[PDB]
Amino acid sequence: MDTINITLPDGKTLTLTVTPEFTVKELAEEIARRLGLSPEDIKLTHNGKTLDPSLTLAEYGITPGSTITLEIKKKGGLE
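Below, the structure written as structure tokens:
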């Protein structure tokens, strides 16, 4: 396996390729470019734990062919 699935709040899924040389920040900027968003707002969550952009994908122990869910934070006003 070399492809991964990413489930967004819209309900659809996207297919991207992952490598041990790619970082969490790099992989996030690639997928975000197609959706028109910023990497500083999207957070990757796996097994209940979140992934940091400073670390690597091979440090967390992630493999291709797994299910990943992303989340985004929205702001309206003060109250």
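Here the sequence shown is numbered in the authors' numbering, starting from 1 and rising by one per residue. All C-beta atoms in this analysis are idealised placements derived from N, C-alpha and C, irrespective of residue type, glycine included.
What's the call for residue i, buried or exposed, on a 16-neighbour Cβ count within 10 Å?
i: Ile72; result: exposed
i: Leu57; result: buried
Quick one: what's got a C-beta closer than 8 Å to residue i's C-beta in the same chain, skipping five residues either side?
i: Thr67; result: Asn5 and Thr7
Could you tell me the distance, in whole angstroms, from the CA atom of residue i to the CA atom of residue j?
i: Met1; j: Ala28; result: 20 Å
i: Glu30; j: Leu44; result: 13 Å
i: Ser38; j: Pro64; result: 23 Å
i: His46; j: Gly77; result: 30 Å
i: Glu59; j: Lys49; result: 13 Å
Based on the DSSP secondary-structure assignment, which residues constitute the bridge partners of residue i?
i: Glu71; result: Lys43
i: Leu14; result: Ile6
What does a CB cutoff of less than 6 Å around residue i pick up in its chain, not counting 5 residues either side in sequence?
i: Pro53; result: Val24 and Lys25
>> Quick check for students: name the residue ranges of the beta strand (DSSP E) that lie wholly in the segment 17-61, counting only runs of 3 or more.
In response: For the segment 17-61, whole beta strand (DSSP E) runs of length 3 or above, ordered along the chain, are 42-46.
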